[PDB]
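Next up: just one chain, as structure tokens, the form deposited in one PDB entry.
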């Protein structure tokens, strides 16, 4: 029930391929095949074979499409059963799993993969039968978006290598001064990178009171938060906090990034994973460029390393208070929609409160602090943690939480409805109908249940913002190609583009408009836009 034919596969066939490694940009195409009707075609010389295809249909189409772009081809990605599955159940994140759940085994033979892609698409496509809403998301968002992600990955972003190279030597020296002090304070050297060794030193050798425990092993935590609480109990704590910062940045960004520069491009190429999140957001792997530093001074110094090619400019666009505007539209809370209809900003307002300064005195750093608070409280943070963090009394934190929700009466009602329906149906959905199954909504253990609920009511808000960003990327991409501009990165509610200096303004202008008008809501969407030679200056 599956014969073999000479390479030349008929049009519309599903491809199957094997890579030396999972990164499309660094991978060696080991094998390539195709499956159609009831037979399979294997290419004797894979690279040569790529030229024959007109489209990539099958598991991980975008990835082969990326490698294709890397070789000068324009093979756009088409149907991909992974996208259908992801839409049926966001827990379908890997081929291994999707193949086992929907009909087969993910092997290492290209032929078998092409055959697998075909039968999988057939079964999954049959399951979406009637799911008009998921069908809309597939054809109007996911499938086209895959093409967008391909170009983004293949294009990559420029990095100032010698800059980070020198930054490394500089920080290494500061790390040395910090570890050296810590050791003097402890009275003896030990591996500071080891949480276990630091536990003993802090809680046994020194007489510092433990503040909390780790989740799976119950050890006394040495988290930055636990360290905050002990900042004044001993001189060694501040030191460890700075060591933690520097080494985190150094080992995670400063040193690894310069070594990931592809030779044929001289740019960094990240993976944009389309089926890896339970809410519908994307993620970046290998170089995960969705978590590049930005808070601290050294963090900012690192972001300054992402630069535009000579003669071009980076254009950074970011939705304003994105998830709050979504909540207003989902909850229907008129007081909250009025906030936006009146051009207000909850982050600036919370910041004003936090630091005891008039709005107009809040800086971007203070406002950034307030966002974690606003979203922390919205999504479930406890009075206890809130009081701890802000460093205020329990009652003062308990009051803020009360006022917050009392101020937007409809939000809690919406939350409550999202859960009831979630309990009955077994899943929750976004504005466009993206679904996430949350069975634990009925666990008989409060601990597990309430955690399940927090995950449950957050999905529609985070997911909807995701649908929006993806939709916008799909509408924006073609407009950019015609203007000679390129899309480089996506950071959940942010886009980083690269445009020739003579068009950077028109591009910024166009992107902003495209994004703000993506899908009109009961509240306007505002996009902040910036232009500059490096990512930091862009925003």
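Positions refer to the first chain, counted from 1.
The form deposited in another entry exists for this protein as well; it is not shown, and the discussion that follows is about that form.
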| Two-part rigid motion between the shown form and the other one: residue 442 with residue 370 | no
| query | Versus the form shown, are the CA atoms of residue 356 and residue 412 closer or farther apart in that other deposited form, given a shift of 3 angstroms or more? | reply | closer
| Cα separation of residue 370 and residue 412 in that other deposited form versus here, shift of 3 Å or more | closer
